[PDB]
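**Q** Below is a structure I'd like to ask you about.
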2 protein chains.
Amino acid sequence: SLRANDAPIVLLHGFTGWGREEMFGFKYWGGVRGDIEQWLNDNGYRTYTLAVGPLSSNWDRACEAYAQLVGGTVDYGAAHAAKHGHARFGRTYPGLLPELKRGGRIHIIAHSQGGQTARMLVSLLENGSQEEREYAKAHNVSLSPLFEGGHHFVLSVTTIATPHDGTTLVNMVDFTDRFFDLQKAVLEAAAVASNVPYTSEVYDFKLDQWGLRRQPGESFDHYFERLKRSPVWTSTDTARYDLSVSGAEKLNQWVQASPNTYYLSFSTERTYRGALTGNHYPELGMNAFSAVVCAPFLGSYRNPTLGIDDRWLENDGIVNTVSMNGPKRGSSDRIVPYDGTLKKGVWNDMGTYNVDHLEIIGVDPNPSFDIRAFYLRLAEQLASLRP
Amino acid sequence: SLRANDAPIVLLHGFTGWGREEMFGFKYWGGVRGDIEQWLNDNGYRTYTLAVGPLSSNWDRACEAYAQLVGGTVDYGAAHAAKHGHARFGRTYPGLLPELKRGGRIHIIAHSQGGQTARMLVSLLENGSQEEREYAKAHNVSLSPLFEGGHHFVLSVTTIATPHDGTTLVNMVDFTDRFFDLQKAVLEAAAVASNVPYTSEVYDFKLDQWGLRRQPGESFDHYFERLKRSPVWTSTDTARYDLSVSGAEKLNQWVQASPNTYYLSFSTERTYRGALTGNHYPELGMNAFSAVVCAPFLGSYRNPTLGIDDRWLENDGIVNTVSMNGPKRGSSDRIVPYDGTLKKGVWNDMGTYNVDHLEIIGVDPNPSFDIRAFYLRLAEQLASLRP
Ligand SMILES: [Ca+2]
Ligand SMILES: [Ca+2]
Ligand SMILES: [Cl-]
Ligand SMILES: [Cl-]
Ligand SMILES: [Cl-]
Ligand SMILES: [Cl-]
Ligand SMILES: [Cl-]
Ligand SMILES: [Cl-]
Ligand SMILES: [Cl-]
Ligand SMILES: [Cl-]
Ligand SMILES: [Cl-]
Ligand SMILES: [Cl-]
Ligand code: NA
Ligand code: NA
Ligand code: NA
Ligand code: NA
Ligand code: NA
Ligand code: NA
Ligand code: NA
Ligand code: NA
Ligand code: NA
Ligand SMILES: [Zn+2]
Ligand SMILES: [Zn+2]
């Protein structure tokens, strides 16, 4: 295809994820398979990576993403920060693309919960926040340009394995403990132990707004026990809340597709349907943590009152596949199957791949999945988009 | 734990609550989770339910509980009735347990302000009322046995989420309108509308003494506007007066622990401490009415001169947690942390549970709280008490 835009690609992780220099250089985007950002740069697709709080709400992460792109000090909004009891200002960044203040566009490619954060960033850029604007006028405080509206610079959002209607994993009985055991399993993929008191930071959870940081001498085991009891686990201003079916529906009520952005979704599944009742079971080769800890639950949990039924049981080890083609619960967004022409302002469902939640970013091996081709094909499609 | 007594359990609601035939059978004790009295009976713990005026004083409610238990016409006392301007006599009941007049006893399990009513019932059984005794002699009128003193039929009182020292919620500026909105939120949890003039009674406020009742053609919205302007909201002979920190301390000056009764308290909390100034905020999953309307105030209102300081900020969405382990303000009662042996004549503090004020009775969902095991374990402990 012909190139029709010059927008760089920006990569955005989910409820785990870390910058290029973290985790001893093991990349979230490529894991044991390599460095996806480097593959794209090397093939002429200019690509950058964002690293935002993995456990923070999509709102917090969107404010962090905005400052990382345009430069400046993260501003969560005076109204938001007062309502949830955390700092209004966060870190200060130079900016990856401070030109976006003047003009120019990006493509966001986001995995897992990054797809919620990317959708939310577009809604804030284009429409701002009326609550923040009214609060700033009422209290005579400053207002970040993010909350003004009028700053739409995202040509496309592509989501990969995103829980747009949530994941039923949040409902599992031991979910608090098992979710932090999933963080430990991702550390272990990077050869990072959870019982070692690392002096270097290794994996920064970016919880400056809550005042939390792993302390000198503290193992990840000990630190996650503190995080389980902290506001980033127990408040509604969290990844945990937005990950749930309840909280993803609430997000979908206000975060709509912009008519100025192409949305693409990729769905993932790594399960088979059983012969007894319709439940789903992990396939050979699914990442071991998901296969043992998460997929049996995801493939069997129903909630008839919420209509969480047999269609929700197929999963990729972490998220129910039905959740991933676009927001539907609480959403008026349109979802169309890809027909060869990518359309603005709707979700173009690019299909369902037999790859698990961690294999699709290369964190878990899968030699039958040609991960480099997958990301290069996608970059060629995004470069074809007509602004 | 081996059973040591055969006393039945009697359940007692707070400033909302209704009998088993009210609310089209949606139970206060169990709500959306089921029927706690039925669970208890089906496991061999004989259990009954009281229904007294939700908005009436603890004194009125204790006279009503007395009559419902032993049988007969509610008698509020000639001196009390003349002092406050209401009828001396209320409804007539058949009596759930007339064997209490021949030696039978009960365990009361009480929620919310029910714990103040249960303590007041025990105080009146033990000591009566010298004012009533004086007045009956002076005016040559009859006297209820409740006011004589020298009676005993309560083996134990267990309080759950009770404001023994009051709740600061009453100091909210628009408390009147938000308290009746709480009543409407509880009706909505029971799938009852507030703008429909139901011909059946549905929720009887048992205001016979005040001469108030919902009229034909009157919705709950219109009825609650009248109640707000009526003596059951504007006088001192009300749940409103006894709910406040001021009124709870006045109650504690005369309602003391009996040496012949075990007292157990359960405390509840559903908040996190923020990172700005140590205020408390509602956790994810708190009932929506409390989370929006009540918890932000409860977690941020301080009054150092009245001793309302950091200890009062943690709360369950309706009552400050520090108020719930037993009466302290204006009280000489002893409170001891449970140590595996329950003690008579003192408050056995059974701990604090991460469950909100409505979750603890099942009116609001919380799948992580095993409400059936909670009540069954409590009934087994009460059955183990030595008589
Ligand atoms: Ca694999
Ligand atoms: Ca709840
Ligand atoms: Cl180190
Ligand atoms: Cl810390
Ligand atoms: Cl950290
Ligand atoms: Cl099956
Ligand atoms: Cl591989
Ligand atoms: Cl007994
Ligand atoms: Cl008694
Ligand atoms: Cl009337
Ligand atoms: Cl705070
Ligand atoms: Cl539940
Ligand atoms: Na505040
Ligand atoms: Na840290
Ligand atoms: Na499959
Ligand atoms: Na298949
Ligand atoms: Na929809
Ligand atoms: Na109904
Ligand atoms: Na808490
Ligand atoms: Na005291
Ligand atoms: Na819990
Ligand atoms: Zn926030
Ligand atoms: Zn009265």
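Letters for chains follow the order of the structure tokens (A, B, ...), residue numbers begin at 1 for each chain, and ligand numbers begin at 1 in the order shown.
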Do a neighbour search on region 146-162 of chain A at 6 Å with only C-alpha atoms, toss out local chain neighbours closer than 5 positions, and write the hits as a PyMOL selection string.
**A** chain A and resi 105-113+115+125-129+261-268+324
**Q** Keeping only N, CA and C atoms, take the residues you just selected and write them out as a compact mmCIF listing (two decimals), in the first residue's frame.
**A**
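Okay, selection.txt is ready:
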# COMPACT_ATOMS: atom_id res chain seq x y z
N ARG A 105 0.36 14.61 14.07
CA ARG A 105 -0.50 13.52 14.58
C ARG A 105 0.33 12.34 14.99
N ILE A 106 -0.32 11.43 15.71
CA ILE A 106 0.34 10.15 16.08
C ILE A 106 -0.68 9.05 15.82
N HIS A 107 -0.12 7.86 15.75
CA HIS A 107 -0.88 6.60 15.86
C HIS A 107 -0.52 6.01 17.23
N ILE A 108 -1.51 5.62 18.04
CA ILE A 108 -1.25 4.89 19.29
C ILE A 108 -1.53 3.41 19.04
N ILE A 109 -0.54 2.61 19.40
CA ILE A 109 -0.77 1.14 19.44
C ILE A 109 -0.72 0.75 20.90
N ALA A 110 -1.78 0.17 21.39
CA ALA A 110 -1.90 -0.05 22.85
C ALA A 110 -2.30 -1.50 23.11
N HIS A 111 -1.73 -2.06 24.14
CA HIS A 111 -2.05 -3.45 24.54
C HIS A 111 -2.81 -3.42 25.83
N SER A 112 -3.74 -4.38 25.93
CA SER A 112 -4.43 -4.64 27.22
C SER A 112 -5.08 -3.34 27.67
N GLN A 113 -4.96 -2.99 28.97
CA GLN A 113 -5.61 -1.81 29.43
C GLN A 113 -5.13 -0.51 28.79
N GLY A 115 -5.43 0.14 25.84
CA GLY A 115 -6.49 0.53 24.89
C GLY A 115 -7.53 1.41 25.51
N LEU A 125 -8.39 14.87 24.78
CA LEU A 125 -7.82 15.87 23.80
C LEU A 125 -8.90 16.60 23.05
N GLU A 126 -9.87 15.84 22.52
CA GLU A 126 -10.84 16.53 21.66
C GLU A 126 -11.86 17.35 22.46
N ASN A 127 -12.34 16.85 23.63
CA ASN A 127 -13.45 17.45 24.35
C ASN A 127 -13.08 18.05 25.70
N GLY A 128 -11.88 17.75 26.21
CA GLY A 128 -11.46 18.19 27.56
C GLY A 128 -12.33 17.55 28.63
N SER A 129 -12.41 18.26 29.75
CA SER A 129 -13.29 17.80 30.85
C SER A 129 -14.09 19.00 31.34
N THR A 261 -10.73 9.96 14.32
CA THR A 261 -9.72 8.96 14.58
C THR A 261 -10.16 7.68 14.00
N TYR A 262 -9.21 6.98 13.37
CA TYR A 262 -9.48 5.56 12.98
C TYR A 262 -9.27 4.65 14.18
N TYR A 263 -10.21 3.75 14.49
CA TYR A 263 -9.94 2.84 15.64
C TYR A 263 -9.79 1.46 15.03
N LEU A 264 -8.78 0.71 15.44
CA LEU A 264 -8.58 -0.67 15.00
C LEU A 264 -8.53 -1.57 16.23
N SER A 265 -9.18 -2.73 16.19
CA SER A 265 -9.03 -3.63 17.35
C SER A 265 -8.51 -4.98 16.87
N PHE A 266 -7.66 -5.60 17.67
CA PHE A 266 -7.26 -6.98 17.49
C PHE A 266 -7.66 -7.75 18.73
N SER A 267 -8.31 -8.87 18.51
CA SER A 267 -8.73 -9.73 19.59
C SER A 267 -7.81 -10.94 19.66
N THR A 268 -7.71 -11.60 20.79
CA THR A 268 -6.83 -12.73 21.02
C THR A 268 -7.60 -13.83 21.74
N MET A 324 -12.94 -7.62 23.53
CA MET A 324 -11.76 -6.92 22.88
C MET A 324 -12.04 -6.27 21.54
**Q** If the cut-off is 6 Å, can you tell me the residues of chain B near chain A, counting only C-alpha atoms? I'd like them as number ranges by chain.
**A** B: 274-276, 283-284
**Q** Rounded to one decimal place, report the CA of residue 299 (chain B)-CA of residue 279 (chain B) distance in Å.
**A** 5.4 Å
**Q** Identify, on the basis of only C-alpha atoms, every residue whose closest approach to residue 303 (chain A) does not exceed 10 Å; exclude the query and any residue fewer than 3 positions from it along the same chain; express the result as a ChimeraX atom specification.
**A** /A:168,306-309,312
**Q** Could you save those same residues with N, CA and C atoms as a PDB file, in the first residue's frame?
**A**
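This went into out28.pdb:
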ATOM      1  N   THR A 168     -13.566 -10.537  33.325  1.00  0.00           N
ATOM      2  CA  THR A 168     -14.166 -11.185  34.503  1.00  0.00           C
ATOM      3  C   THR A 168     -13.066 -11.682  35.450  1.00  0.00           C
ATOM      4  N   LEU A 306     -25.786 -10.279  34.748  1.00  0.00           N
ATOM      5  CA  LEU A 306     -25.044  -9.270  33.920  1.00  0.00           C
ATOM      6  C   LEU A 306     -24.965  -9.785  32.480  1.00  0.00           C
ATOM      7  N   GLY A 307     -25.543 -10.959  32.161  1.00  0.00           N
ATOM      8  CA  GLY A 307     -25.433 -11.520  30.802  1.00  0.00           C
ATOM      9  C   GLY A 307     -24.011 -11.988  30.491  1.00  0.00           C
ATOM     10  N   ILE A 308     -23.217 -12.377  31.508  1.00  0.00           N
ATOM     11  CA  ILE A 308     -21.878 -12.907  31.298  1.00  0.00           C
ATOM     12  C   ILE A 308     -22.080 -14.386  31.153  1.00  0.00           C
ATOM     13  N   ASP A 309     -22.018 -14.823  29.866  1.00  0.00           N
ATOM     14  CA  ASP A 309     -22.588 -16.107  29.534  1.00  0.00           C
ATOM     15  C   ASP A 309     -21.534 -16.895  28.735  1.00  0.00           C
ATOM     16  N   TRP A 312     -18.642 -15.217  26.856  1.00  0.00           N
ATOM     17  CA  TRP A 312     -17.555 -14.571  27.597  1.00  0.00           C
ATOM     18  C   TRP A 312     -16.440 -15.564  27.962  1.00  0.00           C
TER      19      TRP A 312
END
**Q** Find the residues near residue 243 (chain B): any atom within 12 Å, counting only C-alpha atoms, skip ones fewer than 5 places away on the same chain, and give them as an MDAnalysis selection string.
**A** chainID B and resid 14:15 54:58 112:117 162:171 175 179 233 236:238 248:252 318:320 323
**Q** Would you put the residues from that selection into a file with N, CA, C and O atoms, as a compact mmCIF listing (two decimals), in the first residue's frame?
**A**
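Listing of again-v6.txt after writing:
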# COMPACT_ATOMS: atom_id res chain seq x y z
N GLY B 14 -31.86 -0.76 62.27
CA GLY B 14 -31.47 0.61 62.68
C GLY B 14 -32.45 1.63 62.22
O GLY B 14 -33.67 1.45 62.40
N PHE B 15 -31.95 2.74 61.67
CA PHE B 15 -32.85 3.83 61.29
C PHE B 15 -33.51 3.62 59.91
O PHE B 15 -34.28 4.49 59.49
N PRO B 54 -38.53 3.04 62.49
CA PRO B 54 -37.11 3.28 62.08
C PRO B 54 -36.64 4.68 62.57
O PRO B 54 -35.45 4.85 62.85
N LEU B 55 -37.55 5.68 62.55
CA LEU B 55 -37.15 7.03 62.85
C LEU B 55 -37.41 7.45 64.31
O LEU B 55 -37.09 8.57 64.75
N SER B 56 -38.04 6.53 65.06
CA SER B 56 -38.48 6.89 66.43
C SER B 56 -37.25 6.82 67.37
O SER B 56 -36.19 6.31 67.07
N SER B 57 -37.40 7.49 68.55
CA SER B 57 -36.31 7.43 69.57
C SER B 57 -36.02 5.99 69.94
O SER B 57 -36.84 5.08 69.86
N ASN B 58 -34.80 5.83 70.46
CA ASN B 58 -34.45 4.54 71.05
C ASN B 58 -35.42 4.15 72.17
O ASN B 58 -35.76 2.99 72.31
N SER B 112 -26.61 -1.03 63.31
CA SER B 112 -26.78 0.36 63.22
C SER B 112 -27.43 0.88 64.53
O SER B 112 -27.09 0.41 65.63
N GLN B 113 -28.39 1.80 64.46
CA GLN B 113 -28.98 2.30 65.75
C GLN B 113 -29.69 1.21 66.50
O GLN B 113 -30.03 1.45 67.68
N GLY B 114 -30.03 0.05 65.89
CA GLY B 114 -30.53 -1.05 66.69
C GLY B 114 -29.66 -1.32 67.91
O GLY B 114 -30.21 -1.81 68.91
N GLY B 115 -28.36 -1.10 67.82
CA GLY B 115 -27.47 -1.40 69.00
C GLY B 115 -27.76 -0.41 70.14
O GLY B 115 -27.64 -0.84 71.30
N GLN B 116 -28.10 0.84 69.85
CA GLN B 116 -28.52 1.74 70.94
C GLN B 116 -29.86 1.25 71.52
O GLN B 116 -30.02 1.21 72.77
N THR B 117 -30.80 0.78 70.67
CA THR B 117 -32.09 0.35 71.20
C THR B 117 -31.93 -0.89 72.07
O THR B 117 -32.57 -0.98 73.14
N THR B 162 -22.81 -0.10 64.92
CA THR B 162 -23.66 0.79 65.69
C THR B 162 -22.92 2.08 66.05
O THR B 162 -21.77 2.08 66.51
N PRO B 163 -23.66 3.23 65.96
CA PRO B 163 -23.05 4.49 66.38
C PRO B 163 -23.21 4.69 67.90
O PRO B 163 -24.01 5.53 68.34
N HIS B 164 -22.41 3.93 68.66
CA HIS B 164 -22.49 4.03 70.14
C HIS B 164 -22.10 5.41 70.59
O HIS B 164 -22.61 5.87 71.60
N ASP B 165 -21.22 6.12 69.85
CA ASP B 165 -20.86 7.44 70.23
C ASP B 165 -21.45 8.44 69.18
O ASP B 165 -20.97 9.59 69.04
N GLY B 166 -22.44 8.00 68.41
CA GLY B 166 -22.97 8.81 67.41
C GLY B 166 -22.26 8.69 66.04
O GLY B 166 -21.28 7.98 65.87
N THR B 167 -22.80 9.44 65.07
CA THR B 167 -22.08 9.60 63.79
C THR B 167 -22.06 11.05 63.42
O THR B 167 -23.01 11.80 63.61
N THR B 168 -20.89 11.50 62.91
CA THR B 168 -20.78 12.86 62.48
C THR B 168 -21.61 13.19 61.25
O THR B 168 -21.71 14.33 60.84
N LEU B 169 -22.18 12.18 60.60
CA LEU B 169 -23.05 12.41 59.44
C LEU B 169 -24.09 13.41 59.76
O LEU B 169 -24.53 14.20 58.89
N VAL B 170 -24.61 13.42 61.00
CA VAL B 170 -25.69 14.38 61.32
C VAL B 170 -25.28 15.83 61.23
O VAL B 170 -26.18 16.69 61.10
N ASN B 171 -23.97 16.12 61.28
CA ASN B 171 -23.48 17.49 61.20
C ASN B 171 -23.35 17.96 59.73
O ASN B 171 -23.04 19.11 59.52
N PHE B 175 -28.12 17.59 56.00
CA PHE B 175 -28.35 16.25 56.50
C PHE B 175 -29.84 15.85 56.33
O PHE B 175 -30.11 14.70 56.02
N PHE B 179 -30.59 12.48 54.44
CA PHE B 179 -31.06 11.33 55.21
C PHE B 179 -32.34 10.74 54.57
O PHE B 179 -32.44 9.49 54.43
N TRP B 233 -39.06 14.05 63.18
CA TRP B 233 -37.78 14.54 62.72
C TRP B 233 -37.40 15.79 63.50
O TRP B 233 -36.19 16.03 63.63
N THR B 236 -36.84 16.22 70.09
CA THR B 236 -35.75 15.47 70.66
C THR B 236 -36.05 13.99 70.89
O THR B 236 -35.09 13.20 71.12
N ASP B 237 -37.31 13.60 70.77
CA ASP B 237 -37.69 12.20 70.98
C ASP B 237 -37.62 11.48 69.65
O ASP B 237 -38.63 11.00 69.13
N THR B 238 -36.37 11.38 69.10
CA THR B 238 -36.22 10.87 67.74
C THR B 238 -34.94 10.09 67.59
O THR B 238 -33.93 10.36 68.29
N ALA B 248 -26.02 10.85 71.37
CA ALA B 248 -25.46 9.51 71.73
C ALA B 248 -24.73 9.58 73.08
O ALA B 248 -24.89 8.70 73.92
N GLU B 249 -24.01 10.68 73.37
CA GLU B 249 -23.32 10.82 74.65
C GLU B 249 -24.41 10.97 75.74
O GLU B 249 -24.22 10.39 76.83
N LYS B 250 -25.51 11.70 75.52
CA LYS B 250 -26.58 11.79 76.53
C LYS B 250 -27.17 10.43 76.83
O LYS B 250 -27.44 10.08 77.99
N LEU B 251 -27.39 9.62 75.79
CA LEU B 251 -27.87 8.27 75.96
C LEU B 251 -26.88 7.44 76.78
O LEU B 251 -27.26 6.70 77.72
N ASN B 252 -25.60 7.59 76.48
CA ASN B 252 -24.57 6.80 77.19
C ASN B 252 -24.48 7.16 78.66
O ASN B 252 -24.02 6.31 79.45
N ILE B 318 -21.62 5.41 56.59
CA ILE B 318 -22.74 6.05 57.29
C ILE B 318 -22.30 6.42 58.77
O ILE B 318 -22.65 7.48 59.22
N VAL B 319 -21.49 5.56 59.39
CA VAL B 319 -21.06 5.78 60.80
C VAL B 319 -19.53 5.77 60.83
O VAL B 319 -18.86 4.97 60.15
N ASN B 320 -18.98 6.62 61.69
CA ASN B 320 -17.50 6.60 61.96
C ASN B 320 -17.09 5.34 62.70
O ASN B 320 -17.74 4.94 63.71
N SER B 323 -16.76 4.94 66.50
CA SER B 323 -18.00 4.98 67.33
C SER B 323 -18.51 3.55 67.63
O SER B 323 -19.40 3.41 68.49
**Q** Just want the 12 Å neighbourhood of residue 31 (chain B), counted on only C-alpha atoms, with same-chain residues fewer than 2 positions away dropped. Output as a ChimeraX atom specification.
**A** /B:17-18,20,23-29,33-37,186-191,358-366,371
**Q** Can you tell me, as JSON, numbers by chain, what residues are no more than 9 Å from residue 257 (chain A) when counting only C-alpha atoms, ignoring any on the same chain fewer than 3 positions away?
**A** {"A": [119, 122, 123, 260, 261, 262, 263, 332, 333, 334, 345, 346, 347]}
**Q** I need the chosen residues saved as a CSV table (one decimal), in the first residue's frame, with C-alpha atoms.
**A**
chain,number,residue,atom,x,y,z
A,119,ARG,CA,-9.4,5.9,24.0
A,122,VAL,CA,-8.4,11.0,22.6
A,123,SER,CA,-11.7,11.9,24.3
A,260,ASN,CA,-11.5,12.2,13.6
A,261,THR,CA,-9.7,9.0,14.6
A,262,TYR,CA,-9.5,5.6,13.0
A,263,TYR,CA,-9.9,2.8,15.6
A,332,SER,CA,-22.7,3.8,21.5
A,333,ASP,CA,-19.6,3.3,19.4
A,334,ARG,CA,-20.1,1.3,16.2
A,345,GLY,CA,-14.9,7.1,13.8
A,346,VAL,CA,-15.8,3.5,14.2
A,347,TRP,CA,-14.0,0.3,15.4
**Q** Please, which residues of region 226-310 of chain A, numbered as in this document, come out helix (DSSP H, G or I) from DSSP, as a ChimeraX atom specification?
**A** /A:226-228,231-234,239-243,245-254,288-298,304-306,310
**Q** Would you give me, as a ChimeraX atom specification, the residues in region 77-214 of chain B that DSSP reads as strand (DSSP E)?
**A** /B:89-93,106-111,154-160
**Q** Take the residues just selected and output them with N, CA, C and O atoms as a tab-separated table (two decimals), in the first residue's frame.
**A**
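Okay, this is what ended up in again17.tsv:
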chain	number	residue	atom	x	y	z
B	89	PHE	N	-49.97	5.02	74.39
B	89	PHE	CA	-50.05	3.63	73.91
B	89	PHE	C	-49.85	3.57	72.42
B	89	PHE	O	-50.35	4.39	71.68
B	90	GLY	N	-49.11	2.56	71.98
B	90	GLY	CA	-48.88	2.22	70.57
B	90	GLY	C	-49.68	1.03	70.14
B	90	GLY	O	-50.85	0.77	70.66
B	91	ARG	N	-49.16	0.25	69.21
B	91	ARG	CA	-49.81	-0.96	68.67
B	91	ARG	C	-49.87	-2.06	69.65
B	91	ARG	O	-49.08	-2.06	70.63
B	92	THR	N	-50.69	-3.09	69.37
B	92	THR	CA	-50.75	-4.24	70.23
B	92	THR	C	-50.16	-5.39	69.46
B	92	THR	O	-50.44	-5.61	68.22
B	93	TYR	N	-49.34	-6.21	70.12
B	93	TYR	CA	-48.69	-7.36	69.47
B	93	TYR	C	-49.06	-8.64	70.24
B	93	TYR	O	-49.34	-8.62	71.47
B	106	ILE	N	-33.06	-14.24	75.42
B	106	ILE	CA	-32.71	-14.03	74.02
B	106	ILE	C	-31.34	-13.52	73.87
B	106	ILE	O	-30.75	-12.88	74.78
B	107	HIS	N	-30.81	-13.69	72.64
B	107	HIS	CA	-29.62	-12.95	72.17
B	107	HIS	C	-30.10	-11.90	71.14
B	107	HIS	O	-30.84	-12.31	70.20
B	108	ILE	N	-29.81	-10.64	71.35
B	108	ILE	CA	-30.23	-9.66	70.34
B	108	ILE	C	-29.05	-9.43	69.41
B	108	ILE	O	-27.95	-9.14	69.90
B	109	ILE	N	-29.25	-9.51	68.09
B	109	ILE	CA	-28.25	-9.11	67.12
B	109	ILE	C	-28.81	-7.85	66.48
B	109	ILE	O	-29.92	-7.89	65.88
B	110	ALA	N	-28.09	-6.75	66.61
B	110	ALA	CA	-28.64	-5.44	66.24
B	110	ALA	C	-27.70	-4.73	65.24
B	110	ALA	O	-26.49	-4.76	65.45
B	111	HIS	N	-28.26	-4.08	64.24
B	111	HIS	CA	-27.49	-3.28	63.29
B	111	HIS	C	-27.69	-1.83	63.49
B	111	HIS	O	-28.79	-1.42	63.75
B	154	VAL	N	-32.31	-10.61	78.56
B	154	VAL	CA	-31.38	-10.55	77.43
B	154	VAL	C	-30.04	-11.13	77.85
B	154	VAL	O	-29.34	-10.55	78.72
B	155	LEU	N	-29.72	-12.34	77.32
B	155	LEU	CA	-28.44	-13.00	77.62
B	155	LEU	C	-27.31	-12.26	76.93
B	155	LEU	O	-26.20	-12.14	77.49
B	156	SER	N	-27.52	-11.75	75.71
B	156	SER	CA	-26.44	-11.05	75.03
B	156	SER	C	-26.97	-10.02	74.10
B	156	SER	O	-28.13	-10.14	73.61
B	157	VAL	N	-26.17	-8.99	73.85
B	157	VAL	CA	-26.42	-7.98	72.82
B	157	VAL	C	-25.22	-7.92	71.94
B	157	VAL	O	-24.10	-7.73	72.42
B	158	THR	N	-25.42	-8.15	70.63
B	158	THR	CA	-24.33	-8.00	69.63
B	158	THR	C	-24.72	-6.81	68.78
B	158	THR	O	-25.85	-6.72	68.29
B	159	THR	N	-23.79	-5.84	68.62
B	159	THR	CA	-24.05	-4.68	67.81
B	159	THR	C	-23.14	-4.77	66.57
B	159	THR	O	-21.95	-5.15	66.66
B	160	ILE	N	-23.70	-4.35	65.43
B	160	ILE	CA	-22.96	-4.38	64.16
B	160	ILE	C	-23.09	-2.99	63.55
B	160	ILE	O	-24.19	-2.56	63.20
**Q** Please report the interatomic distance between CA of residue 278 (chain A) and CA of residue 244 (chain A) in Å with one decimal.
**A** 23.0 Å
**Q** Please determine, counting only C-alpha atoms and all ligand atoms, which residue among A:285, A:351, A:78, A:19 has the shortest atom-to-atom distance to ligand 13.
**A**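 With only C-alpha atoms and all ligand atoms as the atom set, the closest residue is A:78.
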**Q** Enumerate as a ChimeraX atom specification the residues within 8 Å of ligand 21, counting only C-alpha atoms and all ligand atoms.
**A** /B:354-355,366-369
**Q** For region 140-143 of chain B, please output as a PyMOL selection string all residues within 10 Å (counting only C-alpha atoms; exclusion window: fewer than 4 positions along the same chain).
**A** chain B and resi 75-79+132-136+147-148
**Q** Please identify all protein, DNA and RNA residues within 6 Å of ligand 15, counting only C-alpha atoms and all ligand atoms, and report them as a list in words.
**A** residues 269, 270, 271 and 272 of chain A
**Q** With only C-alpha atoms and all ligand atoms counted, collect every polymer residue having an atom within 6 Å of ligand 20; state the result as an MDAnalysis selection string.
**A** chainID B and resid 328:332
**Q** Here is a test: counting only C-alpha atoms, which residue of B:193, B:373, B:70, B:182 is nearest to residue 292 (chain B)?
**A** B:182
**Q** Have a look at CA of residue 197 (chain A) and atom 1 (Cl, counted along the ligand's line) of ligand 5 and let me know their distance in Å, one decimal.
**A** 12.5 Å
**Q** Distance table requested - chain A against ligand 3, cut-off 9 Å, only C-alpha atoms and all ligand atoms: one row per qualifying residue with the closest atom pair and its distance in Å to one decimal, ordered by chain and rising residue number, as JSON lines.
**A**
{"residue": "A:196", "atom": "CA", "partner": "ligand 3", "partner_atom_place_in_ligand_line": "1 (Cl)", "distance": 8.7}
{"residue": "A:197", "atom": "CA", "partner": "ligand 3", "partner_atom_place_in_ligand_line": "1 (Cl)", "distance": 7.5}
{"residue": "A:198", "atom": "CA", "partner": "ligand 3", "partner_atom_place_in_ligand_line": "1 (Cl)", "distance": 4.1}
{"residue": "A:199", "atom": "CA", "partner": "ligand 3", "partner_atom_place_in_ligand_line": "1 (Cl)", "distance": 4.2}
{"residue": "A:200", "atom": "CA", "partner": "ligand 3", "partner_atom_place_in_ligand_line": "1 (Cl)", "distance": 4.2}
{"residue": "A:201", "atom": "CA", "partner": "ligand 3", "partner_atom_place_in_ligand_line": "1 (Cl)", "distance": 7.3}
{"residue": "A:202", "atom": "CA", "partner": "ligand 3", "partner_atom_place_in_ligand_line": "1 (Cl)", "distance": 7.5}
**Q** Keeping only N, CA, C and O atoms, take the residues you just selected and write them out as a compact mmCIF listing (two decimals), in the first residue's frame.
**A**
# COMPACT_ATOMS: atom_id res chain seq x y z
N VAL A 196 14.10 -10.47 46.20
CA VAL A 196 15.47 -9.85 46.23
C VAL A 196 15.31 -8.32 46.47
O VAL A 196 14.54 -7.64 45.80
N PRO A 197 16.10 -7.75 47.41
CA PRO A 197 15.93 -6.34 47.74
C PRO A 197 16.74 -5.49 46.77
O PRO A 197 17.81 -4.95 47.11
N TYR A 198 16.34 -5.43 45.53
CA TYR A 198 17.03 -4.62 44.54
C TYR A 198 17.29 -3.21 44.94
O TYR A 198 16.37 -2.54 45.37
N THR A 199 18.54 -2.74 44.79
CA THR A 199 18.85 -1.32 45.02
C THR A 199 18.44 -0.49 43.86
O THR A 199 17.93 0.61 44.08
N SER A 200 18.70 -0.93 42.63
CA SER A 200 18.26 -0.16 41.53
C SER A 200 16.70 -0.31 41.46
O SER A 200 16.11 -1.20 42.09
N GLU A 201 16.04 0.61 40.77
CA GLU A 201 14.55 0.64 40.82
C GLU A 201 13.86 -0.55 40.15
O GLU A 201 12.90 -1.04 40.68
N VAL A 202 14.39 -0.97 39.00
CA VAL A 202 14.00 -2.13 38.21
C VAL A 202 12.65 -1.95 37.53
O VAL A 202 12.57 -2.07 36.31
**Q** Select the residues contacting ligand 5 at a distance of at most 8 Å, based on only C-alpha atoms and all ligand atoms, then format the selection as a list in words.
**A** residues 201, 203, 204, 205, 206, 207, 212, 213 and 214 of chain A
**Q** For ligand 8, which residue among B:42, B:338, B:5, B:219 is the nearest when counting only C-alpha atoms and all ligand atoms?
**A**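 Looking at the shortest contact to ligand 8, the residue is B:5.
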